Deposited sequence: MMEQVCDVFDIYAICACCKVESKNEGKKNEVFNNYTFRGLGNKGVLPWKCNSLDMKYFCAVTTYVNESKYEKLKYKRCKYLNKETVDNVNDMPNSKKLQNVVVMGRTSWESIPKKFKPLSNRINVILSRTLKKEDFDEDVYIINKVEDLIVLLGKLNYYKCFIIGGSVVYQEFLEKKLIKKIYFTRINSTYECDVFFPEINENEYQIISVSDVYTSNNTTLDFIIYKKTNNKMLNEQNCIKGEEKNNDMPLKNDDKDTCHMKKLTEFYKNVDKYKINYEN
């Protein structure tokens, strides 16, 4: 039957989560689960400051495009919209707060179509080559007009929260930062009946902490 948005437009989420500093009054024999990794940010920035390996991974994933696979996607999207027939690029969607947390020299993110969600700011407030949208619904319309490979939702906490609730995420590229830090915003607790881990990477060390990358896939709808 008909298809859901997340599928047609290939919308994914990519994030990085650390362990939370809430002082367990019993570090001795505490319980762990996926929810253990949920620290997203702190005071407007990353809880860990910086992690070169995760940054390198985030850059690699959000910039990777495979041109020979686009046509199949072009047809799919066209067919879905009753429509039909530069360098191919991915789309990155972020919240206003996240856009402001990125250092000037990296904005707009290179080789990627930047999209920013905001109500308080408009296109006149930005000097950069970026698209401003004030509604999640507007992102879908835009994707229908753009020529892109994939669309990655890159934060922040408010943005992740609504895309998951609206079920617009097809997969979650989740980095597990295995160390603890002070945090104020978190990734939403993932429902194991809605999402299931399909891949886990090798383990690495970067910036004094180990970390790995896992991929959650939208569990095929009927538990």
No C-alpha positions exist for deposited residues 86-95, 234-280
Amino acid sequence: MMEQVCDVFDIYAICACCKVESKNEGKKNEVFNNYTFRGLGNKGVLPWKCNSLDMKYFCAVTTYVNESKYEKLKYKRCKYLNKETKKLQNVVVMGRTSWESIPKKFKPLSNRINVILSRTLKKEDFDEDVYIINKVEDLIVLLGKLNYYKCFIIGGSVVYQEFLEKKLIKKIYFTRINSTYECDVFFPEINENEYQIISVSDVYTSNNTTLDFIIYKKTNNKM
From here on, numbers count along this sequence of modelled residues.
When mean C-alpha B-factors in the record are compared for 165-173 and 66-74, the larger belongs to 66-74
Looking only at C-alpha temperature factors in the entry, 188-196 or 33-41, the higher average sits in 188-196
One of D129, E100, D125, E84 has the largest Cα B-factor in the entry, namely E84
Comparing C-alpha B-factors across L211, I11, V20, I14 in this entry, the winner is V20
So, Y149's CA B-factor, relative to its chain, sits in which third? The middle
Of the three thirds of Cα B-factor ranks in this chain, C183 occupies the middle
Chain thirds by Cα B factor, record data; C50 belongs to the highest
Assert third(CA B-factor, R112) within chain per record equals lowest
